[PDB]
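Notes to accompany the following structure.
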Amino acid sequence: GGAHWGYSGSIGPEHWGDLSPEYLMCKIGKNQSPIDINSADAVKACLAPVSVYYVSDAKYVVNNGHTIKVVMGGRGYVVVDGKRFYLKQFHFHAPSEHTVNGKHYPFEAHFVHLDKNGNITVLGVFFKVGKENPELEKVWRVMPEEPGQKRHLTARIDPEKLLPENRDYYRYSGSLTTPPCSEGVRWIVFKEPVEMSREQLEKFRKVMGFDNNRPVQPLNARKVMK
Amino acid sequence: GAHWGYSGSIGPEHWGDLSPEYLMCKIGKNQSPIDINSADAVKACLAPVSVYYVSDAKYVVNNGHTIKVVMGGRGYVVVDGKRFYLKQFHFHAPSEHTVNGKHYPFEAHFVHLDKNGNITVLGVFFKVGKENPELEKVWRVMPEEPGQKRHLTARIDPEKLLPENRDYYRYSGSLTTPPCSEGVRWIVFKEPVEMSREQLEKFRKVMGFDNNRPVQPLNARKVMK
Amino acid sequence: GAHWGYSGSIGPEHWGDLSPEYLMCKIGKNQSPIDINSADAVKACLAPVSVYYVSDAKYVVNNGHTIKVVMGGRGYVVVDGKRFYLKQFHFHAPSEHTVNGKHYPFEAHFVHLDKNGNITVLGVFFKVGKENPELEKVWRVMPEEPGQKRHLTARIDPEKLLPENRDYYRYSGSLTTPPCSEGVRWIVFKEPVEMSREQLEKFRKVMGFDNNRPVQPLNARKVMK
Amino acid sequence: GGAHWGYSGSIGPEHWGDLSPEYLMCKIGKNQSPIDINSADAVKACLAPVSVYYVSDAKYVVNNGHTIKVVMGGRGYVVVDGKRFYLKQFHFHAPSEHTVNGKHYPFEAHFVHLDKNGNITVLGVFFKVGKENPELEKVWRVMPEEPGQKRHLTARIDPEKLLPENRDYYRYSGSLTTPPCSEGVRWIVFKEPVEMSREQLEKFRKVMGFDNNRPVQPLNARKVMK
Ligand SMILES: Nc1ccc(S(N)(=O)=O)cc1
Ligand SMILES: Nc1ccc(S(N)(=O)=O)cc1
Ligand SMILES: Nc1ccc(S(N)(=O)=O)cc1
Ligand SMILES: Nc1ccc(S(N)(=O)=O)cc1
Ligand SMILES: [Cl-]
Ligand SMILES: [Cl-]
Ligand SMILES: [Zn+2]
Ligand SMILES: [Zn+2]
Ligand SMILES: [Zn+2]
Ligand SMILES: [Zn+2]
């Protein structure tokens with residue numbers, strides 16, 4: 001029900017804040033995502049482990065014209081700030097939205113969670129090119145190739161198998177990276193990348209047809225914790 | 001920007017609607033002040049905040065919202081490796097920030113701007129105790145009427161108002177008065193300094209009302225300690 | 001092991017030479033107690049030390065070196081993921097540890113052993129203030145003569161002696177009495193608890209002398225905070 | 001002037017504490033080195049950067065029958081606990097003395113420093129097999145091949161070039177790893193390894209003729225900071 005937006009032309013990221021009054025934060029926000037994570041500038045901090053309690057409740061995969069998204073049943077959760085944030089969906093960007101020390105990864109997954117009070121936590125996972133990713137291949141095998149199309153998953157999705165083994169992370173306070181770019185979003189960005197094959201990357205690039213990362217936004221007053 | 005205050009239909013709950021320019025007061029999710037729950041704050045390797053103040057006070061002003069000492073902007077603190085220049089300091093009673101749900105009777109804000117206009121506020125809490133000598137210099141020329149500036153009669157050394165121990169809480173927040181712009185660095189010192197009850201009462205009476213904004217939800221933020 | 005004490009030719013400086021068994025008192029480089037300089041201590045992600053004590057006091061003994069409450073060893077704390085069982089607790093005046101070069105008037109040590117004989121000591125500082133109810137139960141049966149045990153007349157709840165805030169300094173050290181064995185985990189709580197001046201004075205008079213070992217050099221160690 | 005010791009037989013590490021009363025700490029010490037560094041058990045902490053102010057004041061290389069050691073003039077220093085510890089010598093062990101998560105590296109360098117008050121700080125650098133190490137090759141080219149022999153260095157030694165680029169470290173309180181195994185030694189163990197070629201490793205192994213690492217010792221009451 002929100003105004004139409006995209007990644008280029010008159011509806012691209014530089015214009016989002018003018019597409020609708022609902023999208024104001026895109027242009028006036030000072031706590032926007034994604035960001036560059038400069039590891040030296042980040043603050044070493046006593047960050048609590050982010051406990052993962054996922055379940056295999058995937059409903060379908062959808063190509064919504066902005067990403068490839070797996071929609072979940074909402075029963076699995078992570079624990080952040082002692083609260084349960086339930087896994088609602090995960091989706092993908094290429095190139096990465098976040099950068100580390102000024103460099104992109106070729107691909108980034110976002111696991112989007114909602115607590116019962118309506119607050120959002122996103123877990124970000126970077127991918128590098130290497131070995132074929134078995135869990136990703138379950139989704140890729142049935143990737144809808146046109147926008148507006150959804151497909152049944154033919155294999156049981158285990159979302160935790162997409163996360164890195166090492167669970168060290170960067171944390172900061174940010175926003176959604178797509179309109180309305182609402183703030184008050186908790187970001188948990190895992191430091192260790194996972195792997196996907198070049199073929200998997202190129203399938204995503206070909207199906208999408210364009211890059212779908214928002215440009216990095218100024219840190220402003222924020223510190224990233226590490 | 002419209003007239004605003006601390007009670008009635010122009011009080012803090014109404015701010016965001018008084019002018020479109022004040023919208024962040026209502027819609028922002030990284031607003032100040034906050035309650036600082038010490039147990040919930042995250043232990044972090046925070047850099048010392050070095051202070052290089054000079055005695056460049058220009059005047060004291062009662063602007064109807066606070067008593068404010070305006071500076072020449074030559075002194076500075078170092079935050080994130082950058083110089084933030086001390087433009088003014090001013091006061092609130094009761095405190096704006098709380099610690100573990102409790103107010104201090106009084107809080108001072110030292111407001112700094114870097115060369116690109118980014119704002120850093122250093123907050124100092126005060127408790128009732130011995131008369132504060134440095135504060136006494138400002139109080140001796142406190143203008144009793146809003147809209148009046150008075151010249152200082154003594155040399156102001158702003159660093160003498162800060163606590164001796166320089167450990168602090170840090171978080172990202174906002175200005176505490178309209179337009180409540182975000183992108184503000186907050187450095188809140190953990191150790192309070194003392195003022196006499198008479199110094200406190202003079203401020204309370206000259207203001208004529210409490211001038212603290214209610215604490216705002218932390219939302220996605222952590223406080224570092 | 002030879003007779004040792006807190007003054008004359010059997011005092012702390014002479015300990016290491018009284019018996020070959022006491023050599024570490026003299027040659028060890030990770031000895032306790034220490035001065036805890038808070039500014040020098042390293043901020044660290046220290047695990048909470050969970051306390052699971054039970055009321056299993058057996059007796060109070062004056063052993064000529066301290067007043068000690070001997071426990072049944074059923075209660076425990078969790079340190080490094082392991083259970084360390086509370087064997088006894090005892091007292092020193094003035095404090096053994098100092099903080100920023102200052103003593104507290106009194107310090108309690110809660111001595112624990114894991115299943116393999118590794119020792120963890122929890123230290124609690126006391127300041128003069130209100131009479132301590134839990135300490136009063138022990139004091140009511142304090143044996144006045146060395147070599148005497150007395151039974152308790154009230155149920156001892158040792159956790160009631162610990163401060164409410166459980167934040168602590170940690171370092172690796174030694175026993176503070178001969179043979180001053182190393183390999184001892186020290187958990188020193190930052191917040192003091194209160195005792196009356198009369199409770200303090202009773203202990204000082206029953207002992208008849210100061211029973212604190214002088215602080216020892218940190219050498220290669222850091223204190224975590 | 002101390003009693004003769006070695007790495008095997010009746011004079012090996014299990015016997016060091018009985019070889020001389022001077023070596024007592026080898027058998028009774030509870031703060032001995034080297035150790036296993038379990039990264040999960042280590043405590044994340046606000047460790048100060050260890051500033052390096054080395055100079056090229058190498059005097060000679062020596063094969064002393066226990067290691068290959070480069071002896072320095074003592075003018076270069078590192079800063080630890082706000083004090084200058086001067087670089088006196090550096091030397092090598094294979095396999096590594098320290099282990100990380102129960103695993104050895106094939107080689108470890110130790111840079112030994114002395115403050116003016118007589119306190120020792122050792123910086124440890126792990127090596128893995130990979131590319132030929134240019135700074136190490138300056139020493140290796142003139143490695144004395146028999147115990148008791150010293151040789152002139154034919155190239156200017158720059159000791160800082162042996163340290164890893166990333167200067168993150170583990171710190172703990174320990175001992176010398178050779179008799180007398182004196183305690184009160186500050187250990188700074190860099191987390192990131194550097195590389196040496198297989199040929200460089202095998203030259204060291206061949207010249208030494210035996211492994212020269214002391215077995216790891218119990219952590220006891222200690223925490224390692226990271
Ligand atoms: N609704 C929504 C959820 C997550 C994101 S993202 N790309 O920031 O994770 C954007 C919109
Ligand atoms: N301009 C301005 C400066 C500082 C503050 S305060 N009250 O947050 O320090 C508010 C407005
Ligand atoms: N055995 C023993 C137990 C504890 C201590 S103390 N004083 O270090 O707690 C000394 C000896
Ligand atoms: N003297 C000496 C210095 C350093 C070491 S070592 N191997 O622990 O660095 C041993 C002895
Ligand atoms: Cl946290
Ligand atoms: Cl340090
Ligand atoms: Zn996304
Ligand atoms: Zn203010
Ligand atoms: Zn004791
Ligand atoms: Zn060595």
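Bear in mind these aren't lab numbers, they're just calculated from the coordinates by the rules spelled out. With ideal geometry, Cβ positions are generated from the backbone for all residues, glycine too; neighbour counts draw on all protein chains shown.
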query = Can you find even one residue in the range B:12-26 that is free of Cβ contacts under 8 Å to residues at least 24 places away in the same chain, under 23 Å from B:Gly101 (Cα atoms), out of contact with any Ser or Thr (no Cβ under 6 Å at 6 or more places or on another chain) and part of a loop (DSSP other than H, G, I, E, B)?
reply = no
task = Determine if the range D:194-201 includes at least one residue that is part of a loop (DSSP other than H, G, I, E, B), among the aliphatic types (A, V, I, L, M) and in contact (Cβ under 8 Å) with a residue 12 or more places away in the chain.
result = no
message = Scan the range B:37-51 and tell me whether some residue there is closer than 23 Å to B:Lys137 by Cα and either more than 16 Å from ligand 10 (Cβ to nearest atom) or among the aliphatic types (A, V, I, L, M) (or both).
response = yes
query = Right, C:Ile27: farther than 21 Å from D:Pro21 by Cβ and either crowded, with 17+ Cβ neighbours inside 10 Å or within 12 Å of another protein chain (Cβ to nearest Cβ) (or both) or not?
reply = no
task = Read through the list (1) out of contact with any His (no Cβ under 9 Å at 6 or more places or on another chain); (2) within 14 Å of chain B (Cβ to nearest Cβ), then give the number of the only condition that A:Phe210 fails.
result = (2)
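For every residue, the table says whether it meets (1) over 21 Å from the mean Cα position of the chain (by Cα); (2) within 16 Å of ligand 6 (Cβ to nearest atom).
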site	(1), (2)
C:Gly5	no, no
C:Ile10	no, no
C:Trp15	no, no
C:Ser19	yes, no
C:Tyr22	no, no
C:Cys25	no, no
C:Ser32	no, no
C:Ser38	no, yes
C:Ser50	no, no
Those residues of the range D:173-182 which are surrounded by 24 or more Cβ atoms within 10 Å (Cβ to Cβ) and either within 11 Å of chain C (Cβ to nearest Cβ) or in a strand (DSSP E or B) (or both), in sequence order = D:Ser173, D:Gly174, D:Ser175
remark   = Picked from the range A:161-217 (must be under 24 Å from A:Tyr54 (Cβ atoms) and among the aromatic types (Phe, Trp, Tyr)), the residue farthest from ligand 4 (Cβ to nearest atom) is A:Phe204
key: Selected residue (criterion: farthest from the other protein chains (Cβ to nearest Cβ)) from residues of the range C:90-118 that are part of a loop (DSSP other than H, G, I, E, B) and free of Cβ contacts under 8 Å to residues at least 40 places away in the same chain   = C:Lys115
remark   = Restricted to the range D:44-58 and to residues being free of Cβ contacts under 8 Å to residues at least 40 places away in the same chain and not aliphatic (A, V, I, L, M), the residue farthest from the other protein chains (Cβ to nearest Cβ) is D:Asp57
query = Do we have any residue at all in the range D:121-138 that's over 15 Å from the mean Cα position of the chain (by Cα), more than 30 Å from C:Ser174 (Cβ to Cβ) and aromatic (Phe, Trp, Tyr)?
reply = no
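Can you name every residue in the range C:30-61 that is away from chain D (no Cβ under 14 Å), hydroxyl-bearing (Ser, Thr, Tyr) and outside any strand (DSSP E or B)? Write out each step before concluding.
From the range C:30-61, those away from chain D (no Cβ under 14 Å) are C:33, C:35-36, C:50-61; that's our starting set.
Restricting the remaining residues to those that are hydroxyl-bearing (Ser, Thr, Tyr) gives C:50, C:52-53, C:55, C:59.
C:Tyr53, C:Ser55 - these are the residues of the range C:30-61 that are away from chain D (no Cβ under 14 Å), hydroxyl-bearing (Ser, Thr, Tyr) and outside any strand (DSSP E or B).
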remark   = Only unsatisfied item for C:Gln148, checking (1) closer than 25 Å to C:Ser7 by Cβ; (2) within 14 Å of another protein chain (Cβ to nearest Cβ); (3) of a type in the set (S, T, N, Q), is (2)
task = Go through A:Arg75, A:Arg84 for me and flag whichever is out of contact with any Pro (no Cβ under 8 Å at 6 or more places or on another chain) and either part of a loop (DSSP other than H, G, I, E, B) or within 14 Å of chain B (Cβ to nearest Cβ) (or both).
result = A:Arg75
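One line per residue, one yes/no per condition, for (1) aliphatic (A, V, I, L, M); (2) more than 16 Å from ligand 6 (Cβ to nearest atom); (3) surrounded by 15 or more Cβ atoms within 10 Å (Cβ to Cβ); (4) more than 18 Å from the chain's Cα centre (by Cα):
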{"position": "A:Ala48", "(1), (2), (3), (4)": "yes, yes, no, yes"}
{"position": "A:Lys69", "(1), (2), (3), (4)": "no, yes, yes, no"}
{"position": "A:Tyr77", "(1), (2), (3), (4)": "no, yes, yes, no"}
{"position": "A:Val80", "(1), (2), (3), (4)": "yes, yes, yes, no"}
{"position": "A:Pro147", "(1), (2), (3), (4)": "no, yes, no, yes"}
query = In the set B:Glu198, B:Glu159, B:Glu194, which member is away from ligand 8 (no atom under 16 Å from the Cβ) and within 29 Å of A:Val43 (Cβ to Cβ)?
reply = B:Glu159
ask   = Among the candidates D:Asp36, D:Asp41, which residue alone is more than 14 Å from every other protein chain (Cβ to nearest Cβ), away from ligand 3 (no atom under 16 Å from the Cβ), of a type outside the set (A, V, I, L, M, F, W, C) and in contact (Cβ under 8 Å) with a residue 60 or more places away in the chain?
value = D:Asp36
ask   = Is it fair to say D:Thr154 is of a type in the set (S, T, N, Q) and either free of Cβ contacts under 8 Å to residues at least 60 places away in the same chain or within 16 Å of ligand 2 (Cβ to nearest atom) (or both)?
value = yes
key: Some residue of the range A:111-118 being buried (at least 19 other Cβ atoms within 10 Å of the Cβ) and within 13 Å of chain B (Cβ to nearest Cβ)   = yes
ask   = Hey, does the range D:143-150 have a residue that's closer than 21 Å to D:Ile37 by Cβ and either within 12 Å of chain C (Cβ to nearest Cβ) or assigned to a strand (DSSP E or B) (or both)?
value = no
request  = Would you please list the contacts, defined by Cβ atoms under 7 Å and residues six or more apart or on different chains, that run from a residue in the range C:119-142 that is away from chain D (no Cβ under 14 Å) and assigned to a strand (DSSP E or B) to a residue that is more than 16 Å from ligand 4 (Cβ to nearest atom) and basic (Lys, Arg)?
outcome  = C:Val128/C:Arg197
remark   = For the range D:59-99 the number of residues that are hydroxyl-bearing (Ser, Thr, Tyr) and within 18 Å of D:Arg141 (Cβ to Cβ) is 2
ask   = Which condition number does C:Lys160 fail, the rest of (1) more than 14 Å from every other protein chain (Cβ to nearest Cβ); (2) under 14 Å from the mean Cα position of the chain (by Cα); (3) farther than 14 Å from C:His90 by Cα being met?
value = (2)
key: Complete set of residues in the range C:1-57 that are away from ligand 5 (no atom under 16 Å from the Cβ), touching a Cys at 6+ places or on another chain (Cβ under 7 Å) and closer than 19 Å to D:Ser173 by Cα   = C:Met24, C:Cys25, C:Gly28, C:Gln31, C:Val42
task = Answer yes or no: is there a residue in the range A:60-69 that is within 14 Å of chain B (Cβ to nearest Cβ) and in contact with a strand residue (DSSP E or B) (Cβ under 6 Å, 6 or more places away or on another chain).
result = no
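Rundown of residues vs (1) within 15 Å of ligand 3 (Cβ to nearest atom); (2) more than 12 Å from the chain's Cα centre (by Cα); (3) within 17 Å of C:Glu159 (Cα to Cα), yes/no style:
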{"residue": "C:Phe91", "(1), (2), (3)": "yes, no, yes"}
{"residue": "C:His97", "(1), (2), (3)": "yes, no, no"}
{"residue": "C:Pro105", "(1), (2), (3)": "no, yes, no"}
{"residue": "C:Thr120", "(1), (2), (3)": "yes, no, yes"}
{"residue": "C:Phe125", "(1), (2), (3)": "yes, no, yes"}
{"residue": "C:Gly129", "(1), (2), (3)": "no, yes, no"}
{"residue": "C:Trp139", "(1), (2), (3)": "no, yes, yes"}
{"residue": "C:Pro143", "(1), (2), (3)": "no, yes, no"}
